Every structure is written in C-alpha cells, then in structure tokens.
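No value in this document is a laboratory result; all are computed from the given coordinates. Note: ideal-geometry Cβ built from the backbone for every residue, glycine included; neighbour counts use all protein chains shown.
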C-alpha cells in the first residue's frame, strides 16, 4: 500500500505541558536548541527513514505468460496435426 | 536533468522465463522435423534455419523437402512474425515513460563533502551575512569556508548565474526557493528532496517580551488554521505556474551509456566462441 | 518501412468525436415516420415543447 | 513509541541498531487486555522508541527523573459532553493531564485551537501534515 | 494498432486530494475512513 | 531521418563492430573466405540477402546466432524510439480560458489585448484580483474592434479577448 494526495491543513506536533508550570520555558528552549543540532534529523534518519519499500511510479506492465499461451497452443496443435499428416502423405504416396 | 532511465531496457519486455520455453520449443520442433523427414538434412542444420527465421530471416539456409516439414516451417514462420510484432510493440510502449531522477540527496553526502578532492572545483551559492551561513558555521565548518569558497551574488543574480555557465549550487531559505522555482520560465529548476530539510524552524511573528499579548494573537493565528483560509491565501500568492506533474524526456540520442548490455552479451558470445574453439582443438588432437 | 510503421502507430492515438446534426430542423427529426426505424422520441408533455 | 512485553524476569531485553547501539528502553506500565470490554489491569511492560529517546535527551540537560504511566483510555480525546449535564469535559488523553496525574504528554500530540486554548504548548518538533492512503497496483490487460 | 493498445491503457483510479470529484461526491464503493473523535475529526466538524 | 533517433556516434561504432565480427569469422577458418564472411555479416544486419556465404563448423555457427540476435535487437530498437518521439510531438499552448495561470500573471513575451472603452474594460476594472492583467492589457489596447482581428491574423497579437457572437462568426468565416 502507498500514500497519495497532497497536504491540506498542516499543524505540527509538540510536547504538551500544564498551565503555568516552571518547566515550560526551559523545555521549549531545549526543544528549539536541539532542533538546530541535527538531532531531530539524526533521529529521523535513525528510525523513520529505514524505508525499504520504493514507489517507482513508472514502468508499465511487462508481458507475462498470459499473452503467449495462444501462440504456443497453436504451435502444439500444428505439431499434433503434422503427426497425422505425415502418415496421411505416406499413405497417399503408397497408393499413388 | 533531461535524462531517461534506460540502463538495460532492451531486455525489459517478455518477462525472463518465456525465452527458456522458446528455446525448448525450438529444439523440440527441430527434432520433430528431423524425425518426420527421416520417414543431407541433419539434426543440427535445422536449428540454424529456425533461429534465422525467428530472427528476421536474412542468412541463406537449406529448406526441407517433405510436405509436412513445409507446413511445419510455415507454422513456425507465423509464430516468429507474431512474436516479433509483439516484442517491438512492447518495446515502443516501454521506452515512452521517463520523467526525471534525483541528482543528489540532502547534506549528508560525500558529494557535499568533496570541496576540492573531486571533479572540477565546485561551489554552492549562499547569501552573505545570513542566518544560513551562521547555522552552517555552528554546523560542519569545512563547508563554511573550505568548501564555501565561491560566495554568490544576491537572490536574483545567484539564480541567473546558476542559469548561466556557473551553475554550481544554491543554499537558501525553503519558502522563497519554492516560490521562485514554482513560477519561472521553462522547467529547468527544481528543488531536490522537496519535503526533507535539515533545519526546520518556520517563520513567525515577534512580540515584545512579557507584554501579555501572546495569548490572544496565538489563539487568533491558530484559529485561522481551523477554518483553512491560509491554504487559500498561499494558493493565491505562493503557487507558481510550474509543478504540475510531468510528461516525458524522450532521449533522442540514446547514447552508448544507456545501450550497453547488448554489447556485454556479445562479449560473452565471443568468449564462448573462443572457449568452444579451444575445446575443439584440444579434444581433436587425441 | 520502419519509419512508416512507426508513424502509422502515431496516427492511431487520436479519436475525434461522435457528434451529430445540430438544431431542431433535419429530415432525421422532421417527420417521425420518414426514417429507417419508427422514431418514438422523448418529448415530455405539459412542458416547453407541449406549448 | 514501540510497546513490547517485559522479558519474564522483569528486565527488558537487549537489542542493537544498524550501527550496533543499544536502544534505550523504559519500564512502561499500560493496562493489560487493551480490549475495552475486559477488566484491564496494570502489567509492567517495555516502551521504547522515538519520543522516549527525545525525553532521555531532555533528561541529560534538565536533571530530573520520570515514571512512565501509559494511558488508561487509549484515545487522544476531544471536547465532549459530560454525559450528566450540559457541561463539556475532556476525555481520552488530555483529561489525564488536566485532572491530577500527569505533567508531560510526550506522545503524538498535535496543535489546534481548543487544546492550545486550555493548555500551553511548546515549539513544534515536527511539521507533519494530513494525507491519504490507498493500495498499490498490479499488472494489466491485452489478454490473448 | 497493438502499440496504441499498449501505450494508452493505464487505469487512473487515483484521488488527487481534497478536491477529487470521487471524494466530494459521496459513494458506497469508494468509502474513506478516519479515527474515532480525534484532532482530524474536529477539523471537519468545525467546517460545515 | 538519420542519426537523431540514434546517438551521433553509435553508427560508426556499429560499423566497426560489423567489420570486427566479419574479420574474426573470416580468420576462424582453421579448425579441423574473407570476402564471403564480410558479405554475410554486411548482409544479415542490413536484411538484403546476397551470396550463399555459409559459415564454418560449430564456431561461426554460434557467432552467427549471436550476430543475428544483435542485428534484430538494433533494428527493432530503432522503430520503438522513433515511434515514441513521433507520438510525443505536436506541442502548443491551447489556453483554457482564464483558468490557465499563465495569463493570470504573464510576461511581456506573452501578449493579449482587447478593444478600448468597451464593457470588457469595465468588467476588468470591477475585479480586485486581475488588476495586473488589466494594466498589462492597458499597456497596448486597440481603439477599434475590426483592426484587432487583422492584427491577430498578422500575429502581432495572438490572444484577442472579445465577446462571443462576433468571434464565432469571424472564426467560422476566416479560416486561420
């Protein structure tokens, strides 16, 4: 499965807090500081970026064995017909 | 880059299992024809004829003499014509689709970590006395000066120079770059990645410290996202003329770089021919 | 021959339309019986056409 | 936030990364039998992932402890009626903060109007949008 | 003719976005799903 | 029609390859002619057919199998690319009315005007959105409404905008 479409309304994530607790200022400063050290990008590439799958939205379908059964079938039918035709020709030559 | 991804597209059609059945059917039909002819035509001089026939018959061969063999080689000719038509049709279908590639990834790359020990000397345009320069100064310093040698001119002049013969690189803010690449003549400019940046910190509105206005302004701004007017404003005054899917490349030349596997197969072929010659010479002397 | 059989394939992509005659004046819709099939057309009464 | 049961003895197991680094893990306590119709009870578990590493990084520059308590409702929770009168009350996640038993909500939270109206957020640490997902494709026609 | 049959045959049952005609038009064979009373549902509930 | 579906250098390389294969087949006759081998190799790829230049025993055999395969590959790869390029031709603008963003903010290389002092100027003025388009039109506008069609037919203008009926008649009569 794959994700399509564009991005409508785009909020952000964030560590919540209480109202008027001593931490809020320092935790916001720490998040802002760490966001400018590659740390967020580092962890993103460490965890959210080992995507083995690939999209490759190209390369239309390749002919599989569903579009060649008829030709091999007519080849086999020709072989079967020739098997009897050889005897028919031999008998015709012998009679004539 | 106006490039088409066709490294080994010559073998793309006919999923690589029908050729084994082609060979098996070829050998079976040759053996059947020889057996029928039995009741100067050997059992090896028939695969030659049928291979040539399957492969746009051009080399002279020796036709059979029996009527049944005639009808059978005719049926094989029908097979060959159908197969060749289908193959060329699917090759034509396949070569159509080719859109673009990704020249480089983000900052994490030895390509960006090769200021001089690389191809002819490179550069990346930056705007002097900017936030980006200070950020990269705090970050990797080798790219700040050792690789940041050729500082570029202003925003428009740098893009023109990249459109000119310099065409080194450009590092700047994401929003202005996205707008500028969105609405420009032609489609010669695209931002690599476009959704994976290194220093996401956004814009904003500044207020005097501890004023007490923050709550109302913040709530008003966050309310605007609620009813989605910002998307309308952006689409009105940020969306450009470009960035509407893509159509194709259609590389006219199709140089030796894209078409090389056939010559690899031919090389394997002459290697096999020499090996067979050596084996015959060795086995014919004792 | 190759360029021919390629351009002929180029010609077999476009299809124009299935358009028909214009207006309410044509033998195909002038006499309901002067046609190959008996034309029982769609004209809802008590409407614009009926008046 | 990855969740996995504790290893018999009570200590979380050991795992390595692509770089061969041990993944940080905590003793995370969520109710057992996540199905709502069962008498869910506390069972020590192991929680480890992105947000956990973020809070560990926060710890090394703030000098404070932590005791993870997993949600008792399994939902983000929005503004809903109290089901007793016309008053609207918080359910799901944010109510656990608002009552008396939570101080940081490190989780896939998200900014909006009402939640930012009733509590004070910080600067965002990711700019994810909202998108749509469908299923992939398969080969095609021309039959015989 | 076979080339024409093999160049223009691709189905395009792709939703472009929030303005896709199949999305705005209600359907029973093209249902879409969300999550129970979360930050995504409130956005739709705000916009009538 | 010549090298343009192919790279400007591939032809000389394929000629060198045909000569190399021909001479190798000609010099593999010692296991128990040069002109004949050259003729066979020069012919099979070109698909003409001259001379009964059969190969030697069991070495030029496999060489011929692979040579024919390569010739078929090259010949059938020409047509695919040429058909693709021909199919991907016929580009144009085909303006879809005001919906196309190009004319909603065009450059001076794109020209589009209308008759002065008519109702279309009043409508364009009564629009807070297309003020820049109004200015671009007002940069060059025609006082008359009959010389505008001639100016368009002289390609000085190519995006004349005007009411329906006159345009329908002037397009149904004047072919261009």
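With the structure loaded, tell me whether residue D:101 is loosely packed, with under 14 Cβ neighbours inside 10 Å and touching a strand residue (DSSP E or B) at 6+ places or on another chain (Cβ under 9 Å) or whether it fails that test. Steps first, please.
Details: loosely packed, with under 14 Cβ neighbours inside 10 Å: yes; touching a strand residue (DSSP E or B) at 6+ places or on another chain (Cβ under 9 Å): yes.
In short, yes.
Can we say residue A:59 is more than 7 Å from chain D (Cβ to nearest Cβ) and either surrounded by 12 or more Cβ atoms within 10 Å (Cβ to Cβ) or in contact with a helix residue (DSSP H, G or I) (Cβ under 9 Å, 6 or more places away or on another chain) (or both)? Break it down into steps so the answer makes sense when it comes.
On the way: more than 7 Å from chain D (Cβ to nearest Cβ): yes; either surrounded by 12 or more Cβ atoms within 10 Å (Cβ to Cβ) or in contact with a helix residue (DSSP H, G or I) (Cβ under 9 Å, 6 or more places away or on another chain) (or both): yes.
So residue A:59 passes the test.
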Query raised in the report: Among the residues of the stretch D:115-133, which ones are surrounded by 19 or more Cβ atoms within 10 Å (Cβ to Cβ) and either more than 7 Å from chain A (Cβ to nearest Cβ) or over 20 Å from residue A:23 (Cβ atoms) (or both)?
Result: D:115, D:116
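With F:56, F:61 as the choices, which residue is assigned to a loop (DSSP other than H, G, I, E, B) and farther than 26 Å from residue F:4 by Cβ? Walk me through how you get there before you give the answer.
Values: F:61 fails: assigned to a loop (DSSP other than H, G, I, E, B).
Of F:56, F:61, the one residue that is assigned to a loop (DSSP other than H, G, I, E, B) and farther than 26 Å from residue F:4 by Cβ is F:56.
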Query - The lone exception for residue F:44 - which of (1) in a loop (DSSP other than H, G, I, E, B); (2) surrounded by 13 or more Cβ atoms within 10 Å (Cβ to Cβ); (3) more than 14 Å from chain C (Cβ to nearest Cβ) it fails - result: (1)
Report task. May I ask you to verify whether residue D:52 is surrounded by 15 or more Cβ atoms within 10 Å (Cβ to Cβ), out of contact with any helix residue (DSSP H, G or I) (no Cβ under 6 Å at 6 or more places or on another chain) and under 22 Å from residue A:28 (Cα atoms)? Result -> yes
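Select the helices (runs of 4 or more DSSP H) contained entirely in the stretch F:85-176, then report the ones holding at least 2 residues which are touching a strand residue (DSSP E or B) at 6+ places or on another chain (Cβ under 8 Å) and surrounded by 13 or more Cβ atoms within 10 Å (Cβ to Cβ). Step through it out loud before you land on a result.
On the way: elements: F:101-104, F:119-125, F:131-139, F:147-153, F:164-173.
Of the helices (runs of 4 or more DSSP H) lying wholly inside the stretch F:85-176, those with at least 2 residues that are touching a strand residue (DSSP E or B) at 6+ places or on another chain (Cβ under 8 Å) and surrounded by 13 or more Cβ atoms within 10 Å (Cβ to Cβ) span F:147-153.
Checking the conditions here, which among F:79, F:9, F:96 is under 32 Å from the mean Cα position of the chain (by Cα), over 14 Å from residue B:60 (Cα atoms) and within 14 Å of chain C (Cβ to nearest Cβ)? Quick ask: steps written out before the conclusion?
Values: F:9 fails: within 14 Å of chain C (Cβ to nearest Cβ); F:96 fails: within 14 Å of chain C (Cβ to nearest Cβ).
Going through F:79, F:9, F:96 in turn, the sole match is F:79.
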Report task. Might you check whether a residue that is at negative phi, more than 9 Å from every other protein chain (Cβ to nearest Cβ), surrounded by fewer than 16 Cβ atoms within 10 Å (Cβ to Cβ) and assigned to a loop (DSSP other than H, G, I, E, B) occurs anywhere in the stretch B:74-93? Result -> no
**Report entry** Candidate set: the stretch A:78-96, residues that are at the interface with chain B (Cβ under 9 Å from one of its Cβ atoms) and within 21 Å of residue B:26 (Cβ to Cβ); chosen: the one surrounded by the fewest Cβ atoms within 10 Å (Cβ to Cβ)
**Finding:** A:83
Report summary line: Of D:52, D:138, D:56, the only residue that is in contact with a strand residue (DSSP E or B) (Cβ under 7 Å, 6 or more places away or on another chain) and over 22 Å from residue B:215 (Cα atoms) is D:52
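Results for (1) under 30 Å from residue B:56 (Cα atoms); (2) part of a loop (DSSP other than H, G, I, E, B), shown as yes or no for each residue.
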{"site": "C:7", "(1), (2)": "yes, no"}
{"site": "C:13", "(1), (2)": "yes, yes"}
{"site": "C:16", "(1), (2)": "no, yes"}
{"site": "C:28", "(1), (2)": "no, no"}
{"site": "C:32", "(1), (2)": "no, yes"}
